[PDB]
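Coordinate inspection notes
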Amino acid sequence: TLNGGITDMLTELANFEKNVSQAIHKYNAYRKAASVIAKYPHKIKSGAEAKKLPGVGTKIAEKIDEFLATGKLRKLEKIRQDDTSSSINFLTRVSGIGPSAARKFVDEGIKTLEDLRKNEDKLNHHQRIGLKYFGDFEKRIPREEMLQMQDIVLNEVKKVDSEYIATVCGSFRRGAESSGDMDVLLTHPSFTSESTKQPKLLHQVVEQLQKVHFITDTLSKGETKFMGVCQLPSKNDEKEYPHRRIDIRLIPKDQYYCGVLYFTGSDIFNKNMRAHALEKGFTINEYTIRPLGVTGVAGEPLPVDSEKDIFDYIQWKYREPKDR
DNA sequence: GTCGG
DNA sequence: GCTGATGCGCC
DNA sequence: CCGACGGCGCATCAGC
Ligand SMILES: *CC[C@H](OP(*)(=O)O)[C@H](O)COP(=O)(O)O
Ligand SMILES: [Mg+2]
């Protein structure tokens, strides 16, 4: 795209701040500045020009000015040549290894995947799985597979109980050619916010999907949400499919469609819809949609039976998952 | 790092 | 054995 | 000039 050099620089600076410096806000800033520049329909000639965009401040401008003039950034070259920084930045790619564990490993002389395999005793359950499917988790999922994966989930959910309502959200629901992982939202007439659940409602779906050898491993499981690994059935004639990340979140029926809206995305869209709601005098979150009183106090949660209901409440024209 | 009170 | 703090991850 | 910038489910560990 236009200004591929500047965006890469910023995204590289962002990763450094998150993984090495452990400054989450600086990371979010550099990410913000990188995204707005990526959409920009020109080629930035000066830092003063880039500063006119929202999220680009004084310091990023003086960075853009340096990059365009010199070709490479003085700071990043210092980070690139640093053994500790680059090593810490690598390990954080492994699922279960955040900045904290990463630094702890590199300080103890563990820098590469070879070292992680050699020292599996020092890894937790999550990190072991993160290492096992390291390459597989960095592969994107083509829509062709996601469709085949969906059919298995929805049918196997139907196999346990007909009353279950399974909805695959994320990029896939917006109709993207490729998706990062599978994000499934589950609910049942039995489960609501007021009247609590008898457990083994999510479990039965997870236990069923394991029975048909779809779910391979488990990263985390509890009452509400589950996180683990799944694999499509080997065609036998062809080579086996790569392992994929799956998430199954069990949500109360009354606040399902409020959940479906939030987990459908995108971030920019939710941020714009939530911003408009405040202008119209309503407050929406992951869970519920509520009215803001005269004094600016949230009332009782309003009834919702679809996504349309939320769009109606804030007198907004219904947008299809394609245009999110 | 950038924004807004 | 319990309860709170903290790392990690989602968009 | 200075505080906000994501609140939460689950796994793990510290402290009692
Ligand atoms: C690149 C500009 C940085 O500003 P921030 O608000 O993190 C630094 O202040 C410049 O110093 P460097 O990081 O040592 O180059
Ligand atoms: Mg600006």
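All residue numbers are counted from 1 along each chain's written sequence and may depart from the entry's numbering; residues that have no coordinates are not represented. Each chain takes a letter, starting from A, and each ligand takes a number, starting from 1, following the order in which they are written. Where side-chain values are given, they derive from all heavy atoms of the structure, hydrogens and water being excluded. Residues with missing side-chain atoms are left out of burial classes, side-chain pairs and their counts.

**Here's the deal with the UniProt feature "binding site: Mg(2+) 2" in chain A**
With numbering aligned to this structure, UniProt lists the feature "binding site: Mg(2+) 2" at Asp-181, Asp-183 and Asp-247. In terms of the greatest pairwise C-alpha distance, the residues named above, spread along 67 residues, form a tight cluster of at most 8.2 Å across. Considering the arrangement of structural elements, one finds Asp-181 in the loop between strand 3 (178-179) and strand 4 (182-186). The contact definition used throughout considers only heavy atoms, calling two residues in contact when any of these lie within 4.5 Å. Apart from the residues lying within four places of it in its own chain, the contact partners of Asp-181 are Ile-141, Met-146, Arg-245 and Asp-247. UniProt positions are given in the numbering used here, feature names are shortened, and annotations may be inferred rather than shown by experiment. Labels follow the DSSP assignment, with helices taken as runs of H or I lasting at least four residues and strands as runs of E lasting at least two, numbered in each case from the N terminus.

**Here's the deal with the protein's contact with DNA strand C**
The nearness test applies per residue and asks whether one of its heavy atoms lies within 4 Å of the molecule or strand. Close to DNA strand C lie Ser-95, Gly-96, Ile-97, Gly-98, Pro-99, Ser-100, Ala-101, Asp-181, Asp-183, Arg-245 and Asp-267, which account for all nearby residues. Take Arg-245: an N or O atom from its side chain is 2.9 Å from a phosphate oxygen of DNA strand C. Between N or O atoms, a polar contact is any pair within 3.5 Å; within protein, one atom must be a potential hydrogen donor and the other a potential acceptor, and residues adjacent in sequence are included only when both atoms are from side chains. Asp-267 is positioned such that a nitrogen or oxygen atom in its side chain is 3.3 Å from a base oxygen of DNA strand C. With 3 residues, the top contributor of residues to the surface near DNA strand C is helix 7 (residues 99-107). Looking at the surface near DNA strand C residue by residue, the classes come out as 3 nonpolar, 4 polar and 4 charged. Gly counts as polar in this scheme, as do all residues outside two lists: the nonpolar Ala, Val, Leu, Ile, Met, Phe, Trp, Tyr, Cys and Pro, and the charged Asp, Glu, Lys and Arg.

**Thoughts on the site of ligand 1**
In the vicinity of ligand 1, the residues found are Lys-26, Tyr-30, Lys-59, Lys-63 and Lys-75. Between ligand 1 and the protein, one listed contact pairs an oxygen atom with a side-chain N or O atom of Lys-26 at 3.0 Å. In the model, an oxygen atom of ligand 1 is placed 3.0 Å from a nitrogen or oxygen of the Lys-59 side chain. Alone, ligand 1 offers 420 Å² of accessible surface; in the complex the protein occludes 50% of this. Classifying every residue of the shell around ligand 1 by side-chain character gives 1 nonpolar, no polar and 4 charged. Computed with a 1.4 Å probe, the accessible areas rest on the Shrake-Rupley method; for each residue, only the protein chains presented here act as cover.

**Quick word on the protein's contact with DNA strand B**
The full set of residues close to DNA strand B is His-25, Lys-26, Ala-29, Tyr-30, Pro-54, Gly-55, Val-56, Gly-57, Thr-58, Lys-59 and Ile-60. In DNA strand B, atoms within 4 Å of the protein come from the sugar-phosphate backbone in 74% of cases. Within the contact set of DNA strand B, a phosphate oxygen lies 3.3 Å away from a backbone nitrogen or oxygen of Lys-59. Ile-60 is positioned with one of its backbone polar atoms (N or O) 3.1 Å from a phosphate oxygen of DNA strand B. Elements with a minimum of two residues in the surface near DNA strand B: helix 2 (24-39) and helix 4 (58-70). Top element by residues in the surface near DNA strand B is helix 2. It accounts for 4 residues. Grouping the constituent residues of the surface near DNA strand B by class yields 5 nonpolar, 4 polar and 2 charged.

**Describing the domain arrangement of chain A**
These domain limits were set by an automatic method or by a database of domain assignments. Partitioning chain A into structural domains gives domain 1 (1-82), domain 2 (83-139), domain 3 (140-262) and domain 4 (263-324). Using only C-alpha atoms to locate each centre, domain 1 and domain 4 end up separated by 33 Å.

**Regarding the packing of helix 1 (residues 4-21) against helix 2**
Every axis corresponds to a line fitted to the C-alpha atoms, with the helix fit spanning only the stretch in contact, and the corresponding angles, defined between N-to-C directions, vary from 0 to 180 degrees. Two elements in contact, helix 1 and helix 2, have axes whose closest approach is 8 Å; the angle formed by their N-to-C orientations is 165°. Classified by the interaxial angle, the pair formed by helix 1 and helix 2 is roughly antiparallel. In the crossing of helix 1 with helix 2, the sense of the turn from one axis to the other is left-handed. Contacts from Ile-6, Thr-7, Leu-10, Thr-11, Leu-13, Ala-14, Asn-15, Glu-17 and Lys-18 of helix 1 reach helix 2 at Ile-24, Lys-26, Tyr-27, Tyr-30, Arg-31, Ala-33, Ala-34, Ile-37 and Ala-38. Residue composition of the contact of helix 1 with helix 2, by class: 11 nonpolar, 3 polar and 4 charged. Throughout, the term roughly parallel applies to angles under 35 degrees, roughly antiparallel to angles over 145, roughly perpendicular to angles from 65 to 115, and oblique to all others. In this scheme the handedness of a crossing depends on how the near helix is turned from the far one: anticlockwise by less than a right angle means left-handed, clockwise means right-handed.

**A few points about the packing of helix 1 against helix 4**
The contact between helix 1 and helix 4 brings their axes to 11 Å, and the two run at 125°. Put simply, helix 1 runs oblique to helix 4. When you trace helix 1 past helix 4, the crossing you get is right-handed. On helix 4, the residues that touch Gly-5, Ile-6, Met-9, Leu-10 and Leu-13 of helix 1 are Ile-60, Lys-63, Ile-64, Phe-67 and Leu-68. Among the residues making up the contact of helix 1 with helix 4, the classes are represented as 8 nonpolar, 1 polar and 1 charged.

**Overview of the sheet that holds strand 7 (residues 244-250)**
Here the rule is simple: two strands pair whenever DSSP picks up at least two bridges between them. Judged by pairing direction, the sheet is mixed, and its 5 strands sit side by side in the order 2-4-7-6-5 without closing on themselves. The two strands at the open ends of the sheet, each matched to only one other strand, are strand 2 (167-169) and strand 5 (215-221). The average undirected angle you get between the axes of adjacent strands in this sheet is 25°. Contacts from helix 9 (residues 125-132) reach strand 5 and strand 6 (225-230), with the element oriented near 145° to strand 5. Contacting strand 2 and strand 4, helix 14 (residues 257-264) runs over the sheet at an angle of about 170° to strand 4.

**Details of the UniProt feature "binding site: K(+) 2" in chain A**
Using the residue numbers shown here, the UniProt feature "binding site: K(+) 2" corresponds to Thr-92, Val-94 and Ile-97. Residue position: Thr-92 is located in the loop between helix 6 (83-91) and helix 7. Not counting residues within four places of it along the chain, the set of residues in contact with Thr-92 comprises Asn-19, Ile-97, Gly-98, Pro-99 and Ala-102. At 3.3 Å, the side chain of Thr-92 forms a polar contact with the backbone oxygen of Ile-88. Under the scheme applied here, a residue whose accessible area is under 20% of the maximum for its type counts as buried, over 50% as exposed, and between as partly exposed, the area being computed with a 1.4 Å probe on protein chains only. Classification of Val-94 by relative accessible area gives buried; the value is 1%.

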